[PDB]
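Colleague: Quick one, structure for this:
(chains A, B, C and D, ligands or ions: 4)
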Amino acid sequence: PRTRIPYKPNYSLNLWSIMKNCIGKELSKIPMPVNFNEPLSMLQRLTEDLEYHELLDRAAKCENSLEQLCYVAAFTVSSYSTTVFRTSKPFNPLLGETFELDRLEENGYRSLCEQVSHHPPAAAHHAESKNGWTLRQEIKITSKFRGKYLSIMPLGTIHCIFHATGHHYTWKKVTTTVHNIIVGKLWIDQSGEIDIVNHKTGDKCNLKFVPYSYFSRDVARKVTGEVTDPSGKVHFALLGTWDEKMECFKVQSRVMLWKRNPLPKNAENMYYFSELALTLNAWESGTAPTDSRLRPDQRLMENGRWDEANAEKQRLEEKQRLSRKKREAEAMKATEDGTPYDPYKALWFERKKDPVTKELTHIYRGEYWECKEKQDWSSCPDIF
Amino acid sequence: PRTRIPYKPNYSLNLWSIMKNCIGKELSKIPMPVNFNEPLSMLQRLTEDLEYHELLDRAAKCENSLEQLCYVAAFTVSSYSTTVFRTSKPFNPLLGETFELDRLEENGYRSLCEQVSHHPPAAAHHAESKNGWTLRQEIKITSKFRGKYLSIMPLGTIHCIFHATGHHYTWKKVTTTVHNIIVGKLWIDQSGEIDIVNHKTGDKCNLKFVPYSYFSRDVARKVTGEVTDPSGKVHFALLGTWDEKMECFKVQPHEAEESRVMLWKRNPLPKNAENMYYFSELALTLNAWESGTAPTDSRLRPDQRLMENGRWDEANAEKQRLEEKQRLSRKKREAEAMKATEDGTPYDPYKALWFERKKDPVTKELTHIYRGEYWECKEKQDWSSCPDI
Amino acid sequence: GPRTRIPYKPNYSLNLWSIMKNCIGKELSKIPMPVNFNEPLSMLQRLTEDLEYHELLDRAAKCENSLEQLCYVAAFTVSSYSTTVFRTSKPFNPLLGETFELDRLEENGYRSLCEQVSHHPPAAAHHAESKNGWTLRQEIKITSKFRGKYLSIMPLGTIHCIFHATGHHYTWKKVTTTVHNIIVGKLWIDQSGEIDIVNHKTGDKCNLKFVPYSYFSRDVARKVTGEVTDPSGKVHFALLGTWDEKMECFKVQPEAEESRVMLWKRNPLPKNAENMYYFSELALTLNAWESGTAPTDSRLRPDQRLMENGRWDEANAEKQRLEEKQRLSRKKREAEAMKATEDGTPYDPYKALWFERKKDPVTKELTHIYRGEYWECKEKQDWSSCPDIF
Amino acid sequence: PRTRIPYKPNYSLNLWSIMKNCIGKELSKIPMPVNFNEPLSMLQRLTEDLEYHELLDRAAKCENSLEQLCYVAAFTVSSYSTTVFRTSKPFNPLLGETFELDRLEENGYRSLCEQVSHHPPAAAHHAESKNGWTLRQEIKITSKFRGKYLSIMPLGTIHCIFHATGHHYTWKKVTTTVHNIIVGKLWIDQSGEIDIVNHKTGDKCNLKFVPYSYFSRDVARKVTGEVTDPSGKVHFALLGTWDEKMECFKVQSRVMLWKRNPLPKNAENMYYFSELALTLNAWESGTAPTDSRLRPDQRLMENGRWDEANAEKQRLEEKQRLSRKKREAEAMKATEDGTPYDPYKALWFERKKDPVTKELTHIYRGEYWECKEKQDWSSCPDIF
Ligand SMILES: CC(C)CCC[C@@H](C)[C@H]1CC[C@H]2[C@@H]3CC=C4C[C@@H](O)CC[C@]4(C)[C@H]3CC[C@]12C
Ligand SMILES: CC(C)CCC[C@@H](C)[C@H]1CC[C@H]2[C@@H]3CC=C4C[C@@H](O)CC[C@]4(C)[C@H]3CC[C@]12C
Ligand SMILES: CC(C)CCC[C@@H](C)[C@H]1CC[C@H]2[C@@H]3CC=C4C[C@@H](O)CC[C@]4(C)[C@H]3CC[C@]12C
Ligand SMILES: CC(C)CCC[C@@H](C)[C@H]1CC[C@H]2[C@@H]3CC=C4C[C@@H](O)CC[C@]4(C)[C@H]3CC[C@]12C
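Modeller: Residues are numbered from 1 along each chain as shown, chains lettered A, B, ... in the order given. Ligands and ions are numbered 1, 2, ... in the order given. Please see the structure below:
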């Protein structure tokens, strides 16, 4: 495993200087350097949901459906434990970029995500486990800069299947807002409601993320929840804070669920990366040529070689723009010649209608690991 | 009731010349004149869903919940009956623009739409009827021009509640594509699946819109469907074409009339509709001037009235003026937010007038719901709105 | 090895829509066009190209499970359409007595033979026996219709595949083929419809659905889905793919890609095939000179060889000569029938040489079955020299 | 009911003079006057298959599927009882021409035929009975004149459904040849095999029609048959002649006997019409405007007005030709303007894939009798 990555240098670049006039625009359309990023891609950032994968591993061994949903809800809230300290923008991943995590013997799963689209940005992620579950999602990130705060709505639906019982849990994301852009330290806060539904049994769960108010009495970053049966009974209750702990009680004896693992040593200068976040961008053999570990500007930023990372990002973005212009030119030729035109489609994911949520979602085809074992790539375009 | 609008002028403007290099761009970001529009706003076009409101009126008188879902399924398809001929772009409504339709004695409902946002574009629609139902929705229109076709996806969820029984139906729209852009003559095609769900009684309905193919041996523009009970299966089956008719039969594993419970037939277009933008009989009466409306109603938009009366060149100049006023107002709001952000002073962002953004308790989505205050303010005739139009 | 390169296609600018402008609703056989839109192959050779992926049938003969064998046969039915994606040229309308052989026992493992049995309506009988334990036969009557936007081609007929070792007799029809975008020039082909395979020995069935290409669709282009059922109605194997590239048959139980039983990948086009009528690696060696064939073989047709070497201007005149020769011969047959009917003398009508028109015992239809006399006569080289069609 | 039609006039026109040079052509492409026709359309001639509907009426009351198949097999031969003397060509129906037979109380069925396609000629026929059966078919008439004889092959598949048991019998027609055209004295002969298959039980039946030979092997116009179970046993045996009778014996002695109804009085001068064939072209109320009873040239020829009937047939053929040219011009405009084009479709029949025969056939949609009840029509083209 790989820990201790080089620290963040001090270049004194005022964030407000670039985002001064860019009020009301999307974060993707805001030209930014690499100084305010972290050496991880959005795919690597998204795969971190499996940081507390033991919750799903223990949930697979629950006979009671309601108690299993209590475990699933704790897994939904556990993902925001990295949001307390990590206040950096991960690299906007390229159109064909992917990222794998083949950690079956050490952890028990094989994760794989790939950018399905860039206009608009969307990323499909799928992870298979040997303990009897599978987690998949397609996240389309939308954002808006209002001046005082930066609002981020990671749109999309997350699925979690349990092969032993057939339980299919699904839930949406919560809205995330980042404060203190002009001056002072940066901090993040989630607010809204997450509604989990089990389509196999009919169980539901409602989690409420309370926004921070000074005179609210409500503790900061508080999360309350209730898991209900198809009839109406409240049964179990959830309480905690997404910054520290989360416990599951019963109503009619306290079971307790999730406590975040502490940050590694001297992590204050390593972008506040978790112990799992360190091993994400470690070089690995047998990955696809479009994996995030091979992105040049990301590695150039990880080792502290800035200024050149800006130029490498500029070149990579110009490459993607020329590829898009060529694809549009092919479509323009095909529409005038009368020939059919087949647009861009994702490589390892297919856009089909989800049978339970009735949503156009990207599902894993099931041929990435086979091709990785056989080491037959090439297919993947020259992205970097 | 207005029965005929001035005819459509003949201006020779090549559409492909404008969208030649505009490959991959959004329709809102496509600089085009008023020549390829219709004298209706997107709010009025969205209000046209109530054209076949008799289906919901008869659905309110259905004791069987499954048969009521059979009526609602035909109501979902009835909205696409107007797309067969009308291949014109409705006016992109301004930020504060609204549109009312207070037709209780003539039709039996009160419709109200308002453009809720422009980044991204969203429009909230709410219409309550005295016959026992209410229809509401928030439509965020997304579009993309890929060359061969221009795809339009009206994202959003539509609700239809029956207060007497409490039935709450919800369904999404289907993907619409307009083809043949290089050459003048345009044609439209719908394709995809509509999934209706009743949240009070667990029964569901699935409609399948078959795409038009170069060589297909099915009927053109055919739609098939099934009505299933909660945790069961097919109780009714419906089939037809969104070009003309839609029939809903019953299954029991003779001729056609014996096993058919509900038929829907579209009313034909009025006389000389070839020169009136192929407007329906209901579409003609939408942009007729009415007294007692809000100052932001679509009937008062200068671009539409200038184009309806055939004064297209002035409509182009006026649309450029209206869009520049909206852009300057947006930049002024951005400057106010920037100064409040630097000084620490509080800032009140833009909020919709007649709609409030709350989480829907059944669909768990942040949608704009009508705050019952438009009709009450209309009777007292006090309007503290904006000067967008 | 065999022939791997033919002379290139010349660049002759002839507007196709100018000829098919007024001929709306007519058959492709009755529409007068030059040789510019043809390929140096006959319909008999084009039909013989069905045996391109015979490895699927070779492996199917070695399947103990009947249902598992049906997956290989089902992939063989779709494999023939892998060549239609780019090759959009009209094969020569063969003469009435024209034949075509393919005696490839050591190199491929079969003996194929085709003969035009009739021209009114057009019909061609094909029969190919293999030493790997199977036999493929068919009679294809090609009907067509030009509707304006597209040219519809329906190769009507029933094709059979028998396995001598087990007695399995598979039967299936072809799918509808349409060539679109004729008005401008850059024309393209698409198949659509359903193939229904039936095993008459066991009762297993298979259904393949070819989805038509549509203006807007969010599924894969040229997609084909299929299911194989036992005589009771239970779906054992399921297959999916695209006739543009691949076709896979997995197993269902009514994780990943571990249930895969049979994958079929199309053989890529040879080098510089861009200018060789997009011929496959097998399509090139079809019109290569062969010894010991019948005098009515397609390799001896003057129009194909005259056009293959790039002399299209003379190939048009030779096509006119052959068509007028065939028409005069048919007028001679009609005059003989009229004289024999007025004189009361018996009349012996035209009958096929290497095929016999008998009732098929399985499909109960009047089909042309191989008589069993072509290869034997080829060994002794005693051709009848009576047709004289070229 | 109609029991006597006007007699056939005597016109001295040599048929061989017209078909002298038309050897090898299709009967549809051979220009002929009305002198060699009969006052019936091809739809009415095809509807004459229901002449011996009592066979299906008794077949619906048969418990044994094999014994029922003997009745069905006799019904297949019963249709050829009229061809022994009737040597006239029915009128080639127009594109929109239909023909109804609403005889529920008198016979027990509702028949409807429609010319579904022209070029090539095709006719769909459907008849539902209240006695427990339904008969449907789509017949594409193909022909060829070889000089001595005219070969006619009525291609298509005929279906017979029994609602009580679900038995679905299917069989094709047999080839019919008309000889002695040069002299003038016409005679007809059938030859070939009819193969009936029951898809619900698996029973099969094979009928052999022997052609006329000079060496006269036993009886003329003989028909032999066998009724077999799905295993292989020849439970029943069939014998008879399509000239008179047809009987079904048992093997290890008479279950299903078919006797031909004789021709009515003075039928020698009425085109040898059967007792049912006379009532076919009788005027009926409440019919569609495209029914064969309203065809002008056909009725003009029925009353002996031949010379004028030729001109009326020329008018109808040119009208249909102009309509087809208009359809072709619409398609030519649609292909160049890029607008979609929807070709001609049948009115009362839909061309779908049959679930049992897996073939593209025209099935009755079920809307003719309802529209007859409401008496609207109009929607039908101006065919006459
Ligand atoms: C520095 C400023 C300008 C921008 C910072 C943006 C950062 C804080 C945003 C951008 C996208 C966000 C992520 C979007 C989606 C998810 C998945 C969820 O299951 C956990 C939170 C997580 C992982 C978010 C964490 C915060 C995040 C990384
Ligand atoms: C002029 C060219 C470039 C663009 C034309 C775009 C037209 C055809 C598009 C733009 C907006 C579209 C509408 C958006 C939403 C709805 C509501 C739905 O319930 C029925 C279809 C309907 C009413 C659409 C019909 C087609 C439409 C009017
Ligand atoms: C160029 C224009 C004028 C006409 C083009 C006609 C071409 C495209 C047509 C004519 C006959 C057709 C062939 C007829 C039969 C078969 C056998 C089938 O198993 C695969 C397709 C195949 C091999 C067809 C391919 C397309 C084909 C070659
Ligand atoms: C006058 C000369 C030139 C041509 C005469 C053609 C006549 C004899 C032919 C043309 C079409 C034929 C019919 C076609 C189909 C059927 C249906 C079958 O179930 C019984 C025989 C029957 C009813 C045929 C009887 C003979 C028939 C009427």
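Colleague: Could you use CA atoms for every contact and neighbour count after this?
Modeller: Will do.
Colleague: Would you mind measuring from residue A:226 to ligand 2?
Modeller: Between residue A:226 and ligand 2 the computed distance is 37 Å (Cα to the nearest ligand atom, to the nearest Å).
Colleague: ugh, typo on my part, it should be residue A:250
Modeller: For residue A:250, the distance to ligand 2 - Cα to the nearest ligand atom - is 46 Å.
Colleague: thinking that residue is in contact with residue A:237, fair?
Modeller: Yes. Between residue A:250 and residue A:237 there is a contact at 5.9 Å, judged by Cα atoms under 8 Å.
Colleague: Which one's more surrounded, those two?
Modeller: Using other Cα atoms under 10 Å in any protein chain shown as the criterion, residue A:250 and residue A:237 rank with residue A:237 on top: 20 against 15.
Colleague: Pretty sure that one sits in a strand.
Modeller: Yes. Applying DSSP: H, G, I helix; E, B strand; the rest coil, one finds residue A:237 inside a strand.
Colleague: for it, which residues make a bridge with it?
Modeller: residue A:226, residue A:249 (DSSP bridges).
Colleague: Hmm, residue A:225 and it touching each other?
Modeller: Yes. Applying Cα under 8 Å, one finds residue A:237 in contact with residue A:225, separated by 5.8 Å.
Colleague: how much space between residue A:294 and residue A:384?
Modeller: 8 Å (Cα to Cα, to the nearest Å).
Colleague: for residue A:202, that is, sorry about that
Modeller: For residue A:202 relative to residue A:384 (Cα to Cα), the value is 46 Å.
Colleague: Summarise which helices and strands the helix or strand containing residue A:316 is packed against.
Modeller: Element membership for residue A:316, per DSSP states H and E: helix A:308-337. Secondary-structure packing of helix A:308-337 (3 or more Cα pairs under 8 Å, 6 or more residues apart in numbering or on different chains; DSSP states H and E): helix A:296-302.
Colleague: what comes up buried for the helix it packs on?
Modeller: A:297-302 (16 or more other Cα atoms under 10 Å in any protein chain shown).
Colleague: Show me which residues of stretch A:208-224 are buried.
Modeller: So stretch A:208-224, judged by 16+ other Cα under 10 Å, has buried residues A:208-212, A:220-224.
Colleague: which pair in the residues you listed spans the largest distance?
Modeller: Largest separation among these by Cα to Cα: A:212 and A:224, giving 13.8 Å.
Colleague: Which of the helices or strands spans residue A:46?
Modeller: Counting by DSSP H and E, residue A:46 is found in helix A:42-47.
Colleague: next one: whatever helix or strand comes next after that helix to chain centre, how far?
Modeller: Counting by DSSP H and E, the element after helix A:42-47 in chain order, helix or strand, is helix A:54-59. Helix A:54-59 has its C-alpha centroid displaced from the chain centroid by 19 Å (Cα atoms, centre = their mean, to the nearest Å).
Colleague: again with stretch A:302-314
Modeller: 24 Å.
Colleague: swap in stretch A:32-46?
Modeller: What separates the centre of stretch A:32-46 from the centre of its chain is 12 Å, taken as Cα atoms, centre = their mean.
Colleague: quick one: residue A:108 and residue A:127 touch, right?
Modeller: No. Applying Cα under 8 Å, one finds residue A:108 not in contact with residue A:127, separated by 10.0 Å.
Colleague: Hmm, residue A:80 is touching residue A:245, no?
Modeller: No. Using Cα under 8 Å as the test, residue A:80 is too far from residue A:245 to be in contact (11.2 Å).
Colleague: Nearest spatial neighbour of the residue of the stretch 1-150 of chain A found nearest chain C, chain-adjacent residues omitted?
Modeller: Ranking the residues of the stretch 1-150 of chain A by distance to chain C (Cα to the nearest Cα) places residue A:128 first, at 8.0 Å. Once flanking residues are discounted, residue A:128 sits nearest to residue A:134: 4.6 Å by Cα to Cα, 6 or more residues apart in numbering or on different chains.
Colleague: Quick one: classify the one you found as helix, strand or coil.
Modeller: strand.
Colleague: Contact partners for it?
Modeller: Residues in contact with residue A:134 (Cα atoms under 8 Å, 6 or more residues apart in numbering or on different chains) are A:126-128, A:160-162.
Colleague: Between residue A:202 and residue A:384, tell me which one has more neighbours.
Modeller: residue A:384 (21 against 15).
Colleague: what's the nearest residue to the more buried one if we skip its chain neighbours?
Modeller: residue A:295 (6.0 Å).
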